[PDB]
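Protein chains in written order, with this note's numbering: chain A, 174 to 274; chain B, 174 to 274. For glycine and all other residues, C-beta sits at the position ideal for the given N, C-alpha and C. Below: one structure, written as structure tokens.
Protein chains: 2
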Amino acid sequence: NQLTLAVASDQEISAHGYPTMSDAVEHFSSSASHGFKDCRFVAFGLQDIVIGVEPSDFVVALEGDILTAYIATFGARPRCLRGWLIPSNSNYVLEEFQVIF
Amino acid sequence: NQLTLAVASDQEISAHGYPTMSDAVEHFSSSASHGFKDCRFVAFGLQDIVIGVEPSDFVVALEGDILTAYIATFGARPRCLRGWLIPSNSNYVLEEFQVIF
Numbered sequence: 174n175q176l177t178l179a180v181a182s183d184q185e186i187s188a189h190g191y192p193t194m195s196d197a198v199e200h201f202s203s204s205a206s207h208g209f210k211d212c213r214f215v216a217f218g219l220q221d222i223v224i225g226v227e228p229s230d231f232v233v234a235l236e237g238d239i240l241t242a243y244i245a246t247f248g249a250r251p252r253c254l255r256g257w258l259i260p261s262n263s264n265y266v267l268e269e270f271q272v273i274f
Numbered sequence: 174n175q176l177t178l179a180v181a182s183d184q185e186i187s188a189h190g191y192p193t194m195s196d197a198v199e200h201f202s203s204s205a206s207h208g209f210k211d212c213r214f215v216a217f218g219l220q221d222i223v224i225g226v227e228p229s230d231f232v233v234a235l236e237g238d239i240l241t242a243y244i245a246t247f248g249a250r251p252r253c254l255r256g257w258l259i260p261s262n263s264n265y266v267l268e269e270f271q272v273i274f
């Protein structure tokens, strides 16, 4: 539930998603157990900073107002979408979040 | 891992989805445990049949070549997307699929 995430703090970041949903639950379960030390939070309003992730690529989406995390394409647009967790090594600032998995 | 699904066969498919991941999980979870009988399979390419479902609405998506099913917005477009299961009372024909979750 309580997570201190690495929020992207570069003007542009190099990132990547995954091609299929099965590669994503494979890859993101390791992240989820390692507190996402490898991912960066990108706010919905800052999506343009992300390079290397196509609309078809799977990332971790966050929705809510308390956030619910789930695997989704980067191009998907549900209401209440607040941001994504995206594999990246960008520079970051640590921020506390409340996340449901 | 071996499912009989109601494949939509009407000219127009009146249907609906769900506005948040949390709400979608609840319904589809009950729909899954009742064999998806309240749902219709809509092949990719026939989404213009569907009335009542917004791109932001959550439905069940099915991707693969053997399918894997997961909750996703109706508008999401991963590679190998084969179709959706969407709550609908449309006329149907029964067909055989292979599905994991």
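**Asked** Is the shortest distance between the beta-carbon of B:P251 and the beta-carbons of chain A less than 9 angstroms?
**Response** At least one C-beta of chain A is nearer than 9 angstroms to the C-beta of B:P251.
**Asked** What residues are listed by DSSP as bridge partners for A:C212?
**Response** Bridge partners of A:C212: A:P260.
**Message:** For A:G218 and B:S263, I'd like the C-alpha separation in whole angstroms.
**Reply:** 39 angstroms
**Message:** So for A:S187, helix, strand or coil by DSSP?
**Reply:** strand
**Asked** Going along chain B, which residues have a C-beta under 7 angstroms from A:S229?
**Response** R250, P251, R252
**Message:** Can you find the residues in the same chain that come closer than 7 angstroms, C-beta to C-beta, to B:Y191, ignoring five residues on each side of it along the sequence?
**Reply:** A197, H200, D230, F231
**Distance CB(A:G256)-CB(A:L235) smaller than 9 angstroms** = Closer than 9 angstroms, so yes.
**Asked** Roughly how many whole angstroms lie between the Cα atoms of B:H189 and B:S204?
**Response** Computed Cα separation, rounded: 13 angstroms.
**Asked** Excluding sequence positions up to five away, which residues of its chain have a Cβ less than 8 angstroms from the Cβ of A:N174?
**Response** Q271, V272, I273
**Reduced DSSP secondary structure (H/G/I, E/B, other) of A:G218** = helix
**Prompt:** Expressed to the nearest angstrom, what Euclidean distance is found between the alpha-carbon atoms of A:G237 and B:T246?
**Reply:** 15 angstroms
**Request:** Would you list the one or two residues that DSSP bridges to A:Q175?
**Result:** A:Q271
**Request:** Using a Cβ cut-off of 9 angstroms (strictly closer), state whether A:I244 contacts chain B.
**Result:** yes
**Message:** Taking only three categories from DSSP, how would you classify B:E236?
**Reply:** strand
**Asked** For chain A, is any of its Cβ atoms less than 9 angstroms away from the one on B:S204?
**Response** Residue-level contact by beta carbon fails for B:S204 and chain A, as no gap is shorter than 9 angstroms.
**Item:** Interface residues of chain B facing A:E236 [CB-CB closer than 7 angstroms]
**Value:** Against A:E236, the close residues of chain B are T193, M194, in the order they occur along the chain (beta-carbon pairs closer than 7 angstroms).
**Prompt:** Going along chain A in order, which residues have a C-beta closer than 9 angstroms to the C-beta of B:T241?
**Reply:** The answer, in chain order, is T193, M194, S195.
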